[PDB]
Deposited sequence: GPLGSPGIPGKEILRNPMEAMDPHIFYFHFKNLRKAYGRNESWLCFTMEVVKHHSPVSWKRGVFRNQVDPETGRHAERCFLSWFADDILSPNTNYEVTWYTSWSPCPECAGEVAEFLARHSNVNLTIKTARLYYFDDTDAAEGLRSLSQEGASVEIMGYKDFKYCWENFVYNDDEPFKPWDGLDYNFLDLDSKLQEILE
């Protein structure tokens, strides 16, 4: 179901942190995962998810059906193009509350297009369930380029406005969470 990496043009298009930019009708989810008991990690998995159900649900389906074992722990990290929608966000926090051997860190390139108060709550329900929510910065984009993109060993070229858009996004995110 999931992919290993994505085409460089899909990365630069869906992961540009232009807070308000339509054309991104899909939601992409880069993930990395560490499976571990009570010592060091005994395995790991990374990959990419696209919308085809949202990309969030395509993860939880694949994850539960193929990976989740009751006597093992999971350190999951998400890099999403759009921040998770209210419906998926609630279904993740419900998963998080029932599965304590899973910890999630969500980094998003963007929040939402409109100021939906609905969406700010799902982002809060997530945080209340122990999940870590943050806005992707230069280092996160750089990390996704090197790990989830067929980059052909080309450097990550940051776009104009990266830091400025992240700054406006991290501001709005912090107000949501507190």
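Residues 1-15, 68-73 of the deposited sequence have no C-alpha coordinates in the structure.
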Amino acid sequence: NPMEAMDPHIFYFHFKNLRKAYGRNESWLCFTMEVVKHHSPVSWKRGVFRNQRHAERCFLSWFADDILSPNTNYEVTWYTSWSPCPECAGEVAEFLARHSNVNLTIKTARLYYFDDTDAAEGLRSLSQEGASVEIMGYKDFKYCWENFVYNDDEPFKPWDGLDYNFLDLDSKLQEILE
From here on, numbers count along this sequence of modelled residues.
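A summary of the deposited B-factors shows that, of 19-27 and 5-13, the stretch with the larger mean C-alpha value is 19-27. Comparing 121-129 with 105-113, the higher mean C-alpha B-factor in the PDB entry belongs to 121-129.
Residue-level inspection of the entry shows that, of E34, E56, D140, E134, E56 has the top Cα B-factor.
For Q52, the recorded CA B-factor ranks within the highest third of the chain. Only modelled residues enter the ranking. When all modelled residues of the chain are sorted by CA temperature factor, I67 is found within the highest third. Among the modelled residues of its chain, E154 has a C-alpha B-factor that falls in the highest third according to the deposited record.
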